[PDB]
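Okay, here we've got a single chain as structure tokens, the form deposited in one PDB entry, with questions on binding and movement later.
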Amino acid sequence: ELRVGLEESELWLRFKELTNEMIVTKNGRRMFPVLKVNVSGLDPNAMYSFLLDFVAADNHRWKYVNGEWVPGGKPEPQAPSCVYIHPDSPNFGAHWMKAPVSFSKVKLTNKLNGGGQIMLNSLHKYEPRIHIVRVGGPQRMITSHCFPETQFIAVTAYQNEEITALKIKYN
């Protein structure tokens, strides 16, 4: 059976219990912590691409009000995020299972850009999600996995200084 697991969950849970924030910039900012995924149960000889997107967890704008995050009154439909292709893609099952798949080079932006960068809406809450994509033929398959532990609000600067401190402590 194809098994997907989060590497360093105990660390992500420190961020999650404070409400996690990720910086977005015009040119794009890399994530900390980095999403790292443990994958077993692939065909070592089959061909796969690893894809990363961000699901809007709710339809609301969030704001830091008197030391705490609160959702706004007026929900809007959240268009799905664009997909980031892991740069090792496409690759053999063996490549993906030999070490954690690390999305260290994805950059989160707030502006529509040349490409590479993934544009998110600031003050929206996101749930990272991967798609493992077995390419070509009649054996083609997608398996998707969400990482609730890795939820964050996109921000142009940190609001909760406890997050600022954890980011620095562990970087």
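Note that residue numbering follows the sequence shown and begins at 1. Here, rigid core means the biggest group of C-alpha atoms that superpose within 1.5 Å across both forms.
In what follows, reference is made to the form deposited in another entry, a form of this protein that is not presented.
J.: Please look at 99, 85, 79, 94 and say which one has a C-alpha shift reaching 2 Å or more between the shown form and the other one, core superposed.
T.: By this measure, the answer is 79.
J.: Could you tell me whether the Cα atom of residue 136 shifts by at least 2 Å between the shown form and the other one after core superposition?
T.: Residue 136 C-alpha, core-superposed: shift of 2 Å or more.
J.: Which way does the C-alpha gap of residue 75 and residue 121 go in the other form, closer or farther, given it changes by 3 angstroms or more?
T.: Closer, not farther.
J.: If the C-alpha spacing of residue 127 and residue 80 moves by 3 Å or more in the other form, is that a move closer or farther apart?
T.: Residues separate in the other form, at least 3 Å farther apart.
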